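# okay, structure incoming, though there's no sequence with it:
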Ligand SMILES: [Ca+2]
Ligand SMILES: [K+]
């Protein structure tokens with residue numbers, strides 16, 4: 001189900017009534033009604049303040065035996081109202097009918113009545129006011145706009161190519177700005193023979209940490225304080241092997257470290273994985289992760305101690321900045337930290353590493369919806385010693 005928010009109607013007035021009061025339209029009762037005789041008469045609903053509205057619902061007196069003509073108008077003052085919908089009721093139901101229009105800011109909503117099939121009465125039994133289907137929109141045009149330092153990363157695409165100079169790059173099919181112009185999207189489709197990427201290799205659209213001037217790949221150590229914060233949603237998984245890696249700390253394979261600490265989603269299972277189980281056992285974050293749920297995550301390394309913070313409440317960045325973030329730690333038994341280990345040659349990765357390919361998807365390879373996807377609203381990293 002798409003999400004549909006319902007605004008409370010705090011008051012209602014009208015140009016006219018015959019003793020069937022305007023309040024009768026919001027009492028949840030099908031046997032009470034508003035009535036006013038004459039084309040042009042209207043009822044006006046008040047939401048208390050201005051809200052984004054894109055749907056009005058009405059149920060009509062004799063809604064299943066006659067049709068009613070009307071128009072809807074919206075705005076912040078009752079003399080500043082602009083028309084957004086006009087038409088006729090269906091004549092086939094006594095329940096709510098949905099009338100939807102361009103989302104518009106309004107405090108007041110007015111239905112104007114033009115009589116009905118039989119006579120000039122306007123009569124309404126129920127009315128509701130809605131936004132039908134959540135981060136504030138932005139002004140991003142290209143993915144580099146969402147990066148605070150566009151020099152500090154390089155991207156690796158699913159076609160096997162790389163870009164070390166992301167400042168100014170255009171939106172592409174693997175890395176682009178979402179609709180609301182507030183996030184970057186890392187899309188990793190599953191296809192056979194995609195550029196130089198082997199069919200048996202897994203598929204990434206993801207950032208690798210660089211020096212802040214972009215001169216080269218950066219390597220750091222577990223000594224000192226090192227942080228990655230990401231606000232993101234995992235929005236899609238492949239069809240057969242619905243497995244995907246988002247945020248990561250990486251060291252050398254040669255040292256038995258490799259992908260030391262990563263966030264992984266398998267189905268609804270969201271967990272942290274430590275060199276794929278070779279350092280320590282997977283640690284579960286959530287068993288019921290729903291695709292498209294915006295979360296925040298921090299990996300924090302302090303002289304070898306690895307801490308995991310997770311939140312779906314929107315407040316993790318604010319809390320970490322205010323110093324009150326302990327509430328969001330993912331604890332492991334009776335330890336505040338999920339792992340203690342020292343290594344060097346370490347760097348961060350952010351984005352989408354989809355753990356599937358053409359061999360695992362087989363016949364569903366090339367399918368339109370056979371891709372992994374990660375939407376990143378915000379992120380930062382810090383280093384200290
Ligand atoms: Ca009623
Ligand atoms: K470039």
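Looks like it came in fine. Residues are numbered from 1 along each chain as shown. Ligands and ions are numbered 1, 2, ... in the order given.
# okay, now the residue in the chain that ligand 2 sits nearest to: neighbour count?
For the chain, the residue closest to ligand 2 is residue 165, as judged by CB to the ion, at 3.8 Å. C-beta here means a position set from N, CA and C on the backbone, and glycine is covered the same way. Using other CB atoms under 10 Å, residue 165 has 12 other residues around it.
# for ligand 1, what are the nearby residues on the stretch 101-250 of the chain?
residue 125 (CB under 5 Å from the ion).
# in the sheet, who's paired with residue 14?
With DSSP bridges applied, residue 14 shows beta-bridge pairing to residue 43.
# ligand 1 versus that one, what's the distance?
13 Å (CB to the ion, to the nearest Å).
# do the same with residue 209
Plainly put, residue 209 is 61 Å away from ligand 1 if you go by CB to the ion.
# just confirm that residue is within a helix.
No. Assigned with DSSP: H, G, I helix; E, B strand; the rest coil, residue 209 falls outside any helix and is strand.
# that one reaches residue 351, doesn't it?
No. With contacts counted by CB atoms under 8 Å, residue 209 stays clear of residue 351, the gap being 11.3 Å.
# neighbour count winner among those two?
Each of residue 209 and residue 351 has its neighbours counted (other CB under 10 Å); residue 351 has more, 27 against 23.
# pretty sure that one is touching residue 187, no?
No. Contact between residue 351 and residue 187 fails when scored by CB under 8 Å: they sit 10.1 Å apart.
# shared neighbours, these two?
residue 205 (CB atoms under 8 Å, 6 or more residues apart in numbering).
# burial measure for residue 9, as a count.
If you count neighbours by other CB under 10 Å, residue 9 ends up with 17.
# same question, residue 150
17.
# also residue 216?
10.
# and it, how far from residue 151?
11 Å (CB to CB, to the nearest Å).
# before we move on, what about residue 60?
62 Å.
# the two: which is more packed in?
residue 60 (27 against 17).
# correct me, but that one touches residue 95?
No. Contact between residue 60 and residue 95 fails when scored by CB under 8 Å: they sit 9.5 Å apart.
# whichever residue of the chain sits closest to ligand 1 in helix, strand or coil?
With CB to the ion as the measure, residue 32 is the residue of the chain nearest to ligand 1, at 3.8 Å. Of the three states, residue 32 takes coil according to three-state DSSP.
# just give the nearest non-adjacent residue to it, would you?
Leaving aside its sequence neighbours, residue 32 sits nearest to residue 24 (CB to CB, 6 or more residues apart in numbering; 3.8 Å).
# got it, and residue 163?
Using CB to CB, 6+ apart, the closest residue to residue 163 is residue 155 (5.1 Å).
# swap in residue 81?
Using CB to CB, 6+ apart, the nearest residue to residue 81 is residue 73, at 4.0 Å.
# so the one you found bridges to which residues?
residue 83, residue 110.
# close enough to count as contact, it and residue 99?
No. Residue 73 is beyond contact range of residue 99, at 11.8 Å (criterion: CB under 8 Å).
# what's around residue 373, how many residues?
Neighbours around residue 373, by other CB under 10 Å: 20.
# and this protein, which residues reach ligand 2?
The chain comes close to ligand 2 at residues 163, 165, as judged by CB under 5 Å from the ion.
# how does the chain divide into domains?
Here the domain assignment for the chain is 5-131, 143-384, based on curated CATH domains.
# residues in contact with residue 11?
Counted by CB under 8 Å, 6+ apart, residue 11 has contacts 45-46, 48.
# just residue 282 next, same as before
With CB under 8 Å, 6+ apart, residue 282 has these contacts: 264, 271-274.
# pretty sure residue 380 contacts residue 209?
No. Residue 380 is not in contact with residue 209 according to CB under 8 Å; the separation is 11.8 Å.
# residue 325: what's it in contact with?
So residue 325 contacts 298, 309, 316, 319 (CB under 8 Å, 6+ apart).
# now these as a markdown table including secondary structure, distance to ligand 1 and neighbour count?
As requested, those are arranged in a markdown table below (DSSP: H, G, I helix; E, B strand; the rest coil; distance: CB to the ion, whole Å; neighbours: other CB atoms under 10 Å):
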| residue | secondary structure | distance to ligand 1 | neighbour count |
| --- | --- | --- | --- |
| 298 | strand | 51 | 21 |
| 309 | strand | 49 | 20 |
| 316 | helix | 45 | 22 |
| 319 | helix | 45 | 17 |
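# many thanks, I have nothing further to ask.
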